[PDB]
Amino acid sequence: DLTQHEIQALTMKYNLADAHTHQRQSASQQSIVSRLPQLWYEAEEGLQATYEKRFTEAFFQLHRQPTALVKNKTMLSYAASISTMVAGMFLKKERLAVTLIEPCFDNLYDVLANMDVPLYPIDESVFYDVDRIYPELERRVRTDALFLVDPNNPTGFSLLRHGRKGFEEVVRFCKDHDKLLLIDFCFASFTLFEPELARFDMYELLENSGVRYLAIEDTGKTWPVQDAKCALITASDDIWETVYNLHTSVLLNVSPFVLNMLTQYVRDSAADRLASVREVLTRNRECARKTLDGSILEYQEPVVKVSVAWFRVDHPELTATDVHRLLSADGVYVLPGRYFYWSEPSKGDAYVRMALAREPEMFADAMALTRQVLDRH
């Protein structure tokens, strides 16, 4: 019940629970907000397909996925969880069991379980050594589908630490062994413009390999758009028609006004190479790291500079549940890790997640209070 813990924090003093964006608008993003009336009238007079096309083009240009634009088969929905429910309907129709990454944000588990998809965990550590990925998958993936989250939420882990080879090994395994490969790329924006970690064209690999796949992309966790957002799903050619028919039963269209607005955010971030996103996260990440260094919350350095920070509880008795209780009694709301080890929540009582997509002044105040609370125990 992550969302329910995030519902409570949304009312609270220092909400560091949900990863939704709550930083304010940059100077140039304020120029988008100021033009919302113009963007409204544009969408009212133009064609729906125009705003879909321009959003999809801007998005995959920023993310440097040109193969996705050549194939031109991506479908848009209100949110990544909606795209996930479309994938869930496909998994249920094919009666497939899923091997799902663990840890991962629990709402992925919850939505798939709620559509009665069988779920079996595979630990993130199977991906740490590039030359062991394939034999580890051969041992441990004993279902017809494999569902990854890359970069991962909450750890920031990514196969991109291995260049192309990590993903190539996963795709090799799934092709060789007739596995459907599902990948949630919602955190992939945080790799962009990184000298070593910037995502390559994933769709070139997925298409060239001929693997059966479903790939989900997102805007909501990248930009401060107050959850007025859009997610994207792309399927391999062999299942595209089935998935298309499932998708059209859910919605006809995303708001062309929202799409028009989102396109401006994407273009704005192309212009500043995502600086207004990255700099806010870096300031809060550094503040958390320096504030909590040496405390019972042991910072877990992520592969990718994602919008959440992950900590191990380094104490002989206290759990993450204890830590969450103590911090919330003083008005600071974090998430216990239980909410991420969906197959075995007690494993998550060793970890805590904090959201970084926050105004830095509020975040710094929350960090000062957090260390003061922790220092009493």
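Sequential numbering from 1, following the sequence displayed.
Would you determine, from the values in the PDB entry, which of 345 to 353 and 325 to 333 has the greater average C-alpha temperature factor? The stretch with the larger mean CA B-factor is 325 to 333.
Which is higher on average in the deposited entry, the C-alpha temperature factors of 9 to 17 or of 363 to 371? Higher of the two, by average CA B-factor, is 9 to 17.
Go through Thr234, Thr155, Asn114, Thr222 one by one and give the residue whose Cα B-factor in the PDB entry is largest. Top of the list by C-alpha B-factor: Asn114.
In terms of recorded Cα temperature factor, pick the maximum from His162, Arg283, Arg142, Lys73. Answer, based on the entry's C-alpha B-factors: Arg283.
Entry-reported Cα temperature factor of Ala309, expressed as the chain third it lands in: CA B-factor rank for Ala309: lowest third.
Chain third (lowest, middle, highest) by recorded CA B-factor, residue given as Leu181: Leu181: CA B-factor falls in the lowest third of its chain.
Considering every modelled residue of the chain and its Cα B-factor in the PDB entry, is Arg64 in the lowest, middle or highest third? Middle third by C-alpha B-factor.
Sorting the chain's modelled residues by C-alpha B-factor, tell me whether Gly88 ends up in the lowest, middle or highest third. According to the entry, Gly88 has a C-alpha B-factor in the chain's lowest third.
Among modelled residues of the same chain, the CA temperature factor third for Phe193: For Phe193, whose C-alpha B-factor we compare with every modelled residue in the chain, the answer is the highest third.
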